[PDB]
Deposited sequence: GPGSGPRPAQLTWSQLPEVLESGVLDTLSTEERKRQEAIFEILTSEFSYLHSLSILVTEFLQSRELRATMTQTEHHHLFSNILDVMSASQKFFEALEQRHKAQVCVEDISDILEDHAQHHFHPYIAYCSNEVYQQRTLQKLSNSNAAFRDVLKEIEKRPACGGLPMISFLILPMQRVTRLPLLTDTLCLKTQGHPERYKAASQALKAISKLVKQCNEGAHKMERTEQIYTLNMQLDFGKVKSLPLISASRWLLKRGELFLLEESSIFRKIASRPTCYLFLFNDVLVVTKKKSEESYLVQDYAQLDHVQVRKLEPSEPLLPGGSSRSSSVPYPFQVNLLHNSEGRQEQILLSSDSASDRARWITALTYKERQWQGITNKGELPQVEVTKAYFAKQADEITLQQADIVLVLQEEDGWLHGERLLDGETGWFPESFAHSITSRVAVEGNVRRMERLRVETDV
């Protein structure tokens, strides 16, 4: 609750009477990094004490399941503590802290490596929790009882496990504000900038690691599931191929006008960044490929209108070297837009800006996870869904428009745009 200005030691010193307002802000900026860091470190300790070190929870899982669930949280927690400790000594030593940029850069360059591993392991962590919740009875019971305990603060385990990822994404914002407020001293500003570059570099490494691990898992898992026996074999595995969107769609026939809303034939699409694969789902883990085509040679178009939201996918060069047209429909206007936006994947400042109001977690390959106060540029709006590019890292995704509110005041708008340029890769 207390701010640096309200801090008892700062009052007794009475440095307030003679101190530039910008410096008061630099000290509040440094104080925010330390105060935010402690709350996270405390939240990490709850995760370690109530969940990681729960013998009963370990008893419900296997030696291997525990590693995926919790990962190197002990290593990540240890990294956070040493960092807070360095910052704290500076805070205790003097009423007005000279610099913390040296600690910011040093830790990001040499001691923040655990975050990259922890962030990259998210794909496994998520699937491990889901498998445990859906099919492990013993797990569900024990976790609820731990969640009921007062220390968790009636926060669920998942929200603790996502905290390291959230902090590292916000570290550049806190360091940025410092750079803005360190402009007054020339020598310090350069060091503060050194920090943002190192801090922003670390986020890039964590973001890339998450993508490499997640796409590598998807390409191997999908490679087994897609059965290319009937058609000309296509090598799916590649270190470059990733999944744009997957989904079931309704097959449309022009032969019959009188369609039904029951027992409608369907097809399942896997759309990769460079290839579209048309399959028909046999099991939950087998899909029989019917055709495929390079995204260079795929056209998409809305169909003139029941079975609403129809669209036509044209394979100009198909698996057999020929041309084929697929007529599909979806029962969601927003869903059709997401398929067209993906299928046209190959194809500034006047971009409407929105600010996240409620944390949103991505449920699909299209979507982009967003936490509160994240800014997102808006690219397309359809049926209550916004296709947008995250201001912090440039990642683009869909999310419901209900989680954000329009920012119209230019002074804010152009501030975020000028601010995004500073952290732009």
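### Task
Walk along the deposited sequence from position 1 and note every stretch that has no C-alpha coordinates.
1-9, 315-327, 370-377, 456-459 are the stretches of the deposited chain that have no C-alpha coordinates in the structure.
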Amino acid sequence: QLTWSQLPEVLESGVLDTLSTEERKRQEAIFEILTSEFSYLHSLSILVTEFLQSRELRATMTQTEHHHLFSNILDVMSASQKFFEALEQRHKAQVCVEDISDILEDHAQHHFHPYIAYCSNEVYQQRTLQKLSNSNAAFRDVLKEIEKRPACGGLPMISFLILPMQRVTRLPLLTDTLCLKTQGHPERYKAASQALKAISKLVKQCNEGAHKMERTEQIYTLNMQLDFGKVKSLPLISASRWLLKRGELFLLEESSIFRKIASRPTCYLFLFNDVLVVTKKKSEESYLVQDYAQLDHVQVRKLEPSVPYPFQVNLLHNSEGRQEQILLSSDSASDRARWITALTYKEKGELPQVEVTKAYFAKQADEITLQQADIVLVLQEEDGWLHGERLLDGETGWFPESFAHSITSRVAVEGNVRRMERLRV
From here on, numbers count along this sequence of modelled residues.
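### Query
As stated in the PDB record, which stretch has the larger average Cα B-factor, 87-95 or 121-129?
Result: 87-95.
### Message
Please compare 181-189 with 233-241 and name the stretch with the higher mean C-alpha B-factor in the deposited structure.
### Response
Averaged over C-alpha atoms, the B-factors run higher in 181-189.
### Query
What's the residue among 216, 344, 256, 312 with the greatest CA temperature factor in the PDB record?
The record points to 256.
### Task
Go through 56, 395, 50, 366 one by one and give the residue whose Cα B-factor in the PDB entry is largest.
That would be 395, according to the entry.
### Message
Among the modelled residues of this chain, does the Cα B factor of residue 26 put it in the lowest, middle or highest third?
### Response
For residue 26, the deposited C-alpha B-factor lands in the highest third.
### Task
Within this chain's modelled residues, let me know which third the CA B factor of residue 109 belongs to: lowest, middle or highest.
It falls in the middle third of the chain.
### Query
What third of its chain, lowest, middle or highest, does the C-alpha temperature factor of residue 247 fall into?
As the PDB entry reports it, the C-alpha B-factor of residue 247 lands in the lowest third of its chain.
### Query
With respect to C-alpha B-factor, does residue 301 fall in the lowest, middle or highest third of the chain as deposited?
Residue 301: CA B-factor falls in the lowest third of its chain.
#### Entry: For residue 32, the third of its chain into which the C-alpha B factor falls
Within its chain, residue 32 is a middle-third residue by C-alpha B-factor, going by the deposited values.
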